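Peer 1: Residue numbers (our numbering), protein chains in the order written: chain V, 1 to 230; chain X, 231 to 422; chain P, 423 to 637. For every residue, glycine included, the Cβ atom is placed at its ideal position computed from N, Cα and C.
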Ligand SMILES: *[C@@H]1O[C@H](CO[C@@H]2O[C@@H](C)[C@@H](O)[C@@H](O)[C@@H]2O)[C@@H](O)[C@H](O)[C@H]1NC(C)=O
């Protein structure tokens, strides 16, 4: 099967560097143009760079010129993006993607098929002055006055963490119905916050324990919070 | 019926010198005089045969290598030369029989902030043999400590960019280079 | 540089219906070198069509592309639930650089459904920490459009709240929304009534859910 796997993304301060890798398998790597394409949070894809199968031809988005270098290694079935002088607006998911080929040339200049027929999963790049920090987990207690028609809502506020992501489960996965874990939003402070809520039968509030399973790997922080009716 | 020299000379993109391009010229007739008069060339130096003398000759194959370098380095595209290019990127043999053409491409290969599309090899354990093409990217050991494929102190990525800007001097301006090489074999000659 | 304008921004349709997504170019696109991509949240885009009308390998026949020059269209003749996602067009003909459109989001249209509104005062622990987050929850509503307004003692708030919305629920095609009001502990203690007012098409009149500090 054709596959592309990216790695090397991370969090860095403005002015730092990263070394992105793209490992390919399932095709004759040497015959294919390879490209990096980034997708900023909330935006669509943006082309970043390409390199031809013979490495003869390279091009970059105007905004990364002189800070990113693309190269490849056909013997390792791999290609790379060396990122230096990173800026905050370089934050995005980075995908490596393959373009299909069209031969008296080592690397023919007549090539126009710059569309991407295969993509990797992507690797995340976050560039920010902010420091890693685990979240504070606070209860959103079920309220007997805020119970309607036999349904009570409860949840957890996961506040002031960086960077993304966090995982939130309910009852170690046993609880999935009626669970809404919201997208993280960036606060003025530069730190993320999100709530995870769930609706349940009020009839079970005193009979079924409910636990917020919050994991933040970037800080190796795991918190379990039991939401009590108060 | 006639050789498509335009494909090589008027190609919209050119290659990084470390990954220099080659095209094969086959089964056609080569007017090496209309070629001298195709445009204004910074350099049109032949080693072994003149253009008119070549118009009355026939070879098996004609290779057209093409790439980009900076002004002060065009000199190095000649037999017996030394320097970043000749040593590390593109090496012409001493017994070279061919031609070297070069022109100024600043108007096309520079950008205001710098054009970093074009790379050259900066480090190498040894010099290149003639017509060798090294597109490896092994970490280069510049000090006494081995690098173990890890980049770090005196452990360098071996490629480096030119960064062409329109306001540079001509010596640091981009030039497109086309080397024509002549192959004479014990097989039917097909380029005249 | 070629600019690709995709429209509409959000397209609401039901399964079985036909979807048409528009991609106009600021100048002619050479050789119809225009590709389309589908992307599902948290997933990489996948190619659907190249050369304006060529279907990529493995792509269902219900997806078809057409157009040329500056006028391109992606048609999904019979919508299946897996087709609801974001779609991008991408030019790659005789331009200095490849260019993408900003995407068209195709979402499931269903019957109107008013939100269930809940309000959560800050936890005691958080107040002890020096801040007060008040959460208003709109649960299981459609359409996504909703207006949430906070009032501290019958006094509209501004600038001190942030909203978040889930992806369309895969079972009932509804949305849920969190609105968080962030005050300081001091500001919180200075007032009594905290209210969330919700305006939504499924509501005859804006619903308010409130609480009194300290009850
Ligand atoms: C490169 O181009 C030069 C300029 O002529 C222009 O390009 C050619 C290909 C034609 O399209 C012509 O009508 C244009 O005005 C030529 O003078 C030159 O011969 C070309 N180089 C080669 C090797 O053919």
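In angstroms, rounded to a whole number, what distance separates the CA positions of residue 364 of chain X and residue 314 of chain X?
Peer 2: Your numbering for residue 364 of chain X matches position 134 in the second chain. Your numbering for residue 314 of chain X matches position 84 in the second chain. Residue 364 of chain X and residue 314 of chain X: Cα-Cα distance of roughly 13 Å.
Peer 1: Check whether chain V comes within 7 Å of residue 369 of chain X, counting only Cβ atoms and requiring the distance to be less than that.
Peer 2: The residue given as residue 369 of chain X occupies position 139 in the second chain. Chain V, which has no Cβ nearer than 7 Å to the Cβ of residue 369 of chain X, makes this no.
Peer 1: Of all the options X/275, X/273, X/311, X/392, which has the alpha carbon lying nearest to the alpha carbon of residue 246 of chain X?
Peer 2: Working through the second chain from its first residue, we reach residue 246 of chain X at position 16. Of the candidates X/275, X/273, X/311, X/392, the one whose C-alpha sits nearest the C-alpha of residue 246 of chain X is X/392.
Peer 1: How would you write the range of the beta strand (DSSP E) that residue 633 of chain P sits in, first residue to last?
Peer 2: Here residue 633 of chain P corresponds to residue number 211 of the third chain, with the count starting at 1. Taken as a continuous stretch (DSSP letters only), the beta strand (DSSP E) holding residue 633 of chain P covers 629-634.
Peer 1: Between which two residues does the beta strand (DSSP E) containing residue 554 of chain P stretch?
Peer 2: Here residue 554 of chain P is taken as the residue at index 132 of the third chain, counted from 1. Residues 553-563.
Peer 1: Only counting the same chain, and skipping five residues up and downstream in sequence, which positions put a Cβ closer than 8 Å to that of residue 52 of chain V?
Peer 2: For this step, residue 52 of chain V is matched to residue 52 along the first chain. Once the five neighbours on either side are set aside, the close Cβ partners of residue 52 of chain V are 33, 58, 107, 111.
Peer 1: What residues come near ligand 1, if near means a beta carbon less than 5 Å from any of its heavy atoms?
Peer 2: Result (chain order): X/235, X/236, X/239, X/240, X/268.
Peer 1: Rounded to whole angstroms, what is the Cα-Cα separation between residue 183 of chain V and residue 103 of chain V?
Peer 2: The residue labelled residue 183 of chain V in the question sits at position 183 within the first chain. The residue labelled residue 103 of chain V in the question sits at position 103 within the first chain. Each residue's Cα considered, the two are about 50 Å apart.
Peer 1: Which residue from V/119, V/207, V/71, V/55 puts its Cα closest to that of residue 19 of chain V?
Peer 2: In the first chain, residue 19 of chain V corresponds to position 19, counting from 1. The residue with the shortest Cα to Cα distance from residue 19 of chain V is V/71.
Peer 1: Can you give me the C-alpha to C-alpha distance between residue 497 of chain P and residue 488 of chain P, rounded to a whole angstrom?
Peer 2: In the third chain, residue 497 of chain P corresponds to position 75, counting from 1. In the third chain, residue 488 of chain P corresponds to position 66, counting from 1. Going by the C-alpha atoms only, they are around 8 Å apart.
Peer 1: Which runs of the alpha helix (DSSP H) spanning at least 4 residues fall entirely within the region 299-351 of chain X, listed in chain order?
Peer 2: DSSP runs (the alpha helix (DSSP H)) wholly in the region 299-351 of chain X: 301-304, 314-318, 336-339.
Peer 1: Assign residue 73 of chain V to one of three DSSP states: helix, strand, or coil.
Peer 2: Start at 1 with the first residue of the first chain, and residue 73 of chain V comes out as number 73. In this structure, residue 73 of chain V counts as strand in the three-state DSSP scheme.
Peer 1: Identify the continuous beta strand (DSSP E) that holds residue 238 of chain X and give its terminal residues.
Peer 2: Position 8 of the second chain, counted from the first residue, corresponds to residue 238 of chain X. From DSSP, residue 238 of chain X is part of no beta strand (DSSP E) but of the alpha helix (DSSP H) over 235-239.
Peer 1: Is residue 407 of chain X near ligand 3, judged by its Cβ being under 6 Å from some heavy atom?
Peer 2: The model on display carries ligand 1 but not ligand 3.
Peer 1: For the candidate residues V/46, V/16, V/217, whose alpha-carbon lies nearest to that of residue 94 of chain V?
Peer 2: Taking the first residue of the first chain as position 1, residue 94 of chain V is located at position 94. When each option's Cα is compared against that of residue 94 of chain V, the closest is V/46.
Peer 1: Distance, Cα to Cα, residue 131 of chain V vs residue 86 of chain V?
Peer 2: Start at 1 with the first residue of the first chain, and residue 131 of chain V comes out as number 131. Start at 1 with the first residue of the first chain, and residue 86 of chain V comes out as number 86. Taking the straight line from one Cα to the other gives about 16 Å.
Peer 1: If we cut at 7 Å on Cβ distances, does residue 485 of chain P have a partner in chain V?
Peer 2: Your numbering for residue 485 of chain P matches position 63 in the third chain. Cβ-Cβ to chain V under 7 Å: no for residue 485 of chain P.
Peer 1: Between which two residues does the beta strand (DSSP E) harbouring residue 619 of chain P extend?
Peer 2: Translated into positions along the third chain, residue 619 of chain P becomes position 197. Segment 615-621, the beta strand (DSSP E) holding residue 619 of chain P.
Peer 1: Please determine if the region 177-194 of chain V and the region 151-164 of chain V are in contact, where contact requires at least 3 C-beta pairs separated by less than 8 Å.
Peer 2: At 8 Å Cβ cutoff, the stretches touch.
Peer 1: Would you kindly check if the distance between the Cβ of residue 119 of chain V and the Cβ of residue 466 of chain P is under 7 Å?
Peer 2: Numbered from 1 along the third chain, position 44 holds the residue referred to as residue 466 of chain P. Numbered from 1 along the first chain, position 119 holds the residue referred to as residue 119 of chain V. Cβ distance < 7 Å, so residue 466 of chain P and residue 119 of chain V count as in contact.
Peer 1: Output, in chain order, the set of chain V residues within a Cβ distance shorter than 8 Å of residue 290 of chain X.
Peer 2: Position 60 of the second chain, counting from 1, holds the residue named residue 290 of chain X. By Cβ distance, chain V contributes nothing, its closest Cβ being about 14 Å from residue 290 of chain X, past 8 Å.
Peer 1: Is the region 507-524 of chain P touching the region 473-486 of chain P, taking contact as three or more C-beta pairs under 8 Å?
Peer 2: Segments in contact, no.
Peer 1: Which residue wins for smallest C-alpha separation from residue 385 of chain X, given the options X/265, X/366, X/294, X/371?
Peer 2: Locating residue 385 of chain X in the second chain gives position 155, where the first residue counts as 1. Among X/265, X/366, X/294, X/371, the Cα nearest to that of residue 385 of chain X is on X/371.
Peer 1: Would a C-beta distance cut-off of 7 Å place residue 205 of chain V and residue 163 of chain V closer than the cut-off?
Peer 2: Numbered from its first residue, the first chain carries residue 205 of chain V at position 205. Numbered from its first residue, the first chain carries residue 163 of chain V at position 163. No; because the gap between Cβ atoms is not below 7 Å, this pair is not in contact.
Peer 1: What's the C-alpha gap between residue 326 of chain X and residue 410 of chain X?
Peer 2: To locate residue 326 of chain X, count along the second chain from 1; it is residue 96. To locate residue 410 of chain X, count along the second chain from 1; it is residue 180. Roughly 10 Å separates the two Cα atoms.
Peer 1: How many angstroms separate the CA atom of residue 407 of chain X from the CA atom of residue 299 of chain X?
Peer 2: Here the question's residue 407 of chain X lines up with position 177 in the second chain. Here the question's residue 299 of chain X lines up with position 69 in the second chain. Rounded to whole angstroms, residue 407 of chain X to residue 299 of chain X spans 7 Å at the Cα level.
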